[PDB]
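Notes follow the structure.
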Amino acid sequence: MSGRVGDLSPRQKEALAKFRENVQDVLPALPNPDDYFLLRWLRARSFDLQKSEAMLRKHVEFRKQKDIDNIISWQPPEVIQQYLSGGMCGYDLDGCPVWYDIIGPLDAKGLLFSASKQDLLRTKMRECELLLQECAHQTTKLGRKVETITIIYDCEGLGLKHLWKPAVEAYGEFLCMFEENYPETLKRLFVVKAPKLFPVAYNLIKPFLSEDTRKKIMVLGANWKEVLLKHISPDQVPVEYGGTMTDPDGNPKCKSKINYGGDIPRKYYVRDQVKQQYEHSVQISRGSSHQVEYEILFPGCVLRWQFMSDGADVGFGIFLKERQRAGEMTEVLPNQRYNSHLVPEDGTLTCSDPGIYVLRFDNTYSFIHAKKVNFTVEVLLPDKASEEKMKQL
Ligand SMILES: CCCCCCCCCCCCCCCC(=O)O
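Residue numbers (UniProt numbering): 1 to 321, 326 to 397.
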């Protein structure tokens with residue numbers, strides 16, 4: 001059996017009936033606690049009554065604290081409405097709403113510098129409620145239950161700038177929220193136009209995804225447009241993605257439904273940086289330097305770092321190798341001075357050649373003494389399975 005309405009084993013039916021009795025006290029506060037609704041929670045925890053109940057009660061508490069009942073009427077900040085990419089557009093062959101995620105032109109720094117992380121997360125919650133509401137409308141129009149969504153995840157333009165830690169963490173917060181509050185809602189997710197950086201980028205959010213979500217992700221190759229047309233009718237897919245749908249004015253991208261992001265104009269900023277902490281701190285003497293070592297053995301790794309200096313700029317460069329002078333080592337990222345005391349510095353480097361990498365903070369050119377440098381560095385690894393897919397497609 002599949003644990004779905006109309007296909008329950010006697011044990012699952014008994015569990016469903018018991019589950020309803022056990023959570024009776026919170027059902028009135030729910031929009032429509034039918035059997036489909038309850039079974040999403042049971043399936044998400046393999047019909048373990050205790051875990052399923054804990055999951056649903058936590059969701060109920062979440063709805064209360066986030067005022068989900070009124071979130072659709074809540075209007076997100078102007079900068080978010082204008083620049084947060086993505087959009088609901090069309091229905092798949094089964095009648096399920098399709099959601100488009102446009103990663104490339106998303107300006108995470110711009111959004112985080114112009115709005116609170118709370119409003120960003122709330123906007124995402126709202127999109128989820130808008131999608132569920134669309135499912136409810138499709139259920140009425142099609143005369144049958146529609147409760148899942150199809151996602152087209154456009155990774156064209158995915159680059160190193162998207163690995164910026166604060167953005168990834170915020171996104172991770174959304175994903176955990178989605179996994180805990182909208183179980184059994186994702187039907188299928190098509191990753192299209194995934195670039196070379198995909199395996200590393202995916203490995204960053206993979207920890208936030210449930211096994212059920214991971215199994216629904218399909219990384220598509222060169223024939224992605226044809227694959228989409230096997231699940232979605234051509235008139236329901238924008239011209240931009242291989243279909244025939246366009247905006248009334250003839251735009252192939254259907255911008256009336258899909259937001260394509262873009263960099264946020266400086267006039268919207270309310271800050272030039274987000275609050276930041278570092279895992280390490282060193283005091284560098286005048287005319288001296290400090291070396292930080294990381295062994296990179298696996299190819300395809302990416303070094304990601306963030307650092308700030310106190311009161312004065314500092315030099316920074318990355319080398320490949326015991327304490328050697330910069331000149332004795334191989335220069336991978338040319339040493340340069342950064343005003344990391346004015347604006348926090350962050351960066352990434354793709355590590356092609358394995359070896360011992362040395363990030364070197366340089367103060368050899370200065371008399372300013374005891375410069376305090378705060379930094380955080382990580383070696384980002386590629387998701388093995390994803391690496392293999394990139395070789396196939
Ligand atoms: C419903 C959401 C499912 C999640 C699907 C994730 C598919 C892989 C996404 C990799 C994204 C790369 C990281 C981008 C981080 C950012 O937003 O800046």
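Virtual Cβ for every residue (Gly too), placed ideally from N, Cα, C.
Less than 8 Å separating the Cβ of residue i from some heavy atom of ligand 1?
| i | result |
| --- | --- |
| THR140 | no |
| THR368 | no |
| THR148 | no |
| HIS290 | no |
| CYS176 | no |
| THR213 | yes |
| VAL191 | yes |
| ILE205 | yes |
| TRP164 | yes |
| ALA115 | no |
| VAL98 | no |
| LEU158 | yes |
| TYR153 | yes |
| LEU186 | yes |
| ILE71 | no |
| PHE198 | yes |
| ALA167 | yes |
| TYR171 | yes |
| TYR269 | no |
| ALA389 | no |
Please check the pair residue i and residue j, which I expect to be a contact at CB under 8 Å, by giving their CB distance rounded to whole angstroms.
| i | j | result |
| --- | --- | --- |
| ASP107 | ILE80 | The Cβ separation is near 12 Å, so there is no contact. |
| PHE371 | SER344 | Contact flag wrong, Cβ pair sits at about 18 Å. |
| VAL219 | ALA194 | 6 Å |
| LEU131 | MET88 | 6 Å |
| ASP154 | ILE103 | 6 Å |
Cα-Cα, which of the options is closest to residue i?
| i | options | result |
| --- | --- | --- |
| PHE198 | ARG57, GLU392, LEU38, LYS215 | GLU392 |
| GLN82 | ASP263, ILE284, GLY6 | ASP263 |
| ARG364 | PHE319, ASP357, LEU27 | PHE319 |
| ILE284 | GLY315, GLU173, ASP94, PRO248 | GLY315 |
| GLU129 | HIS280, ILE68, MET1, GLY359 | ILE68 |
| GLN65 | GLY261, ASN181, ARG188, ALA201 | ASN181 |
| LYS187 | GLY110, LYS255, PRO166, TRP99 | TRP99 |
| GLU382 | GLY331, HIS280, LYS376 | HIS280 |
| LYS13 | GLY157, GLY95, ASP48, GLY300 | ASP48 |
| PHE379 | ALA330, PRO386, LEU303 | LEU303 |
| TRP74 | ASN32, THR123, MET55, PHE37 | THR123 |
| residue 325 | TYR202, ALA17, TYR269, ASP310 | What the structure lacks is residue 325: the chain is numbered 321, then 326, with the residues between left out. |
| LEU142 | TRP164, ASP92, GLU179 | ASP92 |
Report all residues from its chain with a CB closer than 6 Å to the CB of residue i; omit the five preceding and five following residues, and keep chain order.
| i | result |
| --- | --- |
| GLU134 | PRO97 |
| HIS59 | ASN181 |
| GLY110 | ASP263, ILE264 |
| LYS117 | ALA170 |
| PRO252 | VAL239, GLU240, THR246 |
| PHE190 | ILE152, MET218, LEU220 |
Among the residues of its own chain, which have a CB less than 7 Å from the CB of residue i, if the five just before and after it don't count?
| i | result |
| --- | --- |
| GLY351 | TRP305 |
| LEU337 | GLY317, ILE318, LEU353 |
| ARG4 | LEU39 |
| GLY159 | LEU197 |
| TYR369 | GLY315 |
| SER114 | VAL79, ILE264, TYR268, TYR269, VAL270 |
| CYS355 | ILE296, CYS301, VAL302, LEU303, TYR361 |
Beta-carbon within less than 8 Å of residue i's beta-carbon, same chain only, minus the 5 sequence neighbours each way: which residues are those?
| i | result |
| --- | --- |
| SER52 | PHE19, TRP41, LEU42, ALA44, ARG45 |
I want to check one thing, is the minimum distance from the CB of residue i to the heavy atoms of ligand 3 below 8 Å?
| i | result |
| --- | --- |
| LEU320 | Within the structure as shown, ligand 3 is missing, the only ligands being ligand 1. |
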